[PDB]
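In C-alpha cells, the next block holds one chain alone, the form deposited in one PDB entry.
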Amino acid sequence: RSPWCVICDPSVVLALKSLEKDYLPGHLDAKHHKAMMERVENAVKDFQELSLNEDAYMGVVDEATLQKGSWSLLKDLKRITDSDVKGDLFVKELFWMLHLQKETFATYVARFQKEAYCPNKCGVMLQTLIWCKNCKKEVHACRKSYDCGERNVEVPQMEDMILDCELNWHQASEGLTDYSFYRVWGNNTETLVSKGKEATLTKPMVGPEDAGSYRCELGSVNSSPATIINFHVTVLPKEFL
C-alpha cells in the first residue's frame, strides 16, 4: 500500500487543491464535495498497478519520470476543468481520467525500472531517486562488481593508442569527478600519467615503451571510484607474425 508518486509533485497537489476550492463550487452540488475529495484522496493514496508484476514495484522514480507523469495528469485534469463539465458527467469523467492516468503512470514507472534504474553493469553509479512513500529525494548508490573486464589493446608500432574508460552510464551518473590514468609498472610502482575530465587517454605514434598495464579510475565525490578499468597494451612490432 503505497502512494501514487504524482503527489510528490507540488504542481499536482496545487491543481488538486484548486479542483476542490475553485472547481467544485460551480460544477458539483455542495452535498457531494466532501465525498468527492475523499474519493480523490483515496485514488492518490494507493497505487497498486505494478504490485503484481514479475519485477516488484520498488516505490521509486527519477525526476524525469515524475515530471512526465505529473505533466500527463495535469494536462488531463485541465482538459476536464477547461471543458466546464458538471454534475454526474463530471464525476464519471474525473474518475475515468484518474484510472487512465494511473495506468499511464504505471507504464512510465515500469519503463524507468526496466531501463533507467541502476543501468550500470559494473562499478558504482550514483542516481537521484524520489521515494514515493515519503516524497524524499536522495542519491542512491547503484553498487555492482568492481570488475569491468580487462581490455586487450593491441596497437601496431607507430600507430595511435586510444585507451577508452568511458561506460554508457557515465554521462548519466551523479557525483563524478575525474578520470585518472595510471601506468602500472612491473616493479610494484605506478605513475599517474593523466587526470582530467576526458574519458580517453591518447598517445600518438606508439613505441615499445608504451606497452604494459594501465589502470583508469573514475573518481566520485564518495570514497570509492565510480569505475575501474584495466587495459593491457601490447605494441606490435612490424616483425611479428
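Note that residue numbering begins at 1 and tracks the sequence as displayed. C-alpha atoms forming the largest set that superposes within 1.5 Å between two forms make up the rigid core.
Form solved in complex with a partner chain: not shown, discussed below.
Among 75-83, 91-99, 161-169, 117-125, which stretch has residues with heavy atoms no more than 4.5 Å from its partner chain in the bound PDB entry? Only one stretch passes the 4.5 Å heavy-atom test: 117-125.
>> I'd like to know whether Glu54 contacts its partner chain in the bound PDB entry, with contact meaning heavy atoms within 4.5 angstroms.
In response: Yes.
Notebook entry, point to check: Contact between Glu150 and its partner chain in the bound PDB entry at 4.5 Å, heavy atoms?
Noted result: Answer no; every heavy atom of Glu150 is more than 4.5 Å from its partner chain in the bound PDB entry.
- Considering only heavy atoms, tell me if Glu154 and its partner chain come within 4.5 Å of each other in the bound PDB entry. Flag for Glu154 set to no.
Legend entry - Close approach of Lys136 to its partner chain in the bound PDB entry, 4.5 Å, heavy atom: Because a heavy atom of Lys136 falls inside 4.5 Å of its partner chain in the bound PDB entry, the answer is yes.
In the bound PDB entry, the residue from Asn230, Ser11, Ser18, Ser224 that sits within 4.5 Å of its partner chain by heavy atoms: Contact with its partner chain in the bound PDB entry is made by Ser224 alone.
* Can you pick the one in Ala35, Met58, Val193, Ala64 that has a heavy atom within 4.5 Å of its partner chain in the bound PDB entry? -> Selected residue: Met58.
Practice item. After superposing the two forms on their rigid core, pick out the one entry in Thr200, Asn53, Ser213, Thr177 with a CA shift of 2 Å or more between the shown form and the other one. Key: Only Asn53 moves by 2 Å or more at its C-alpha.
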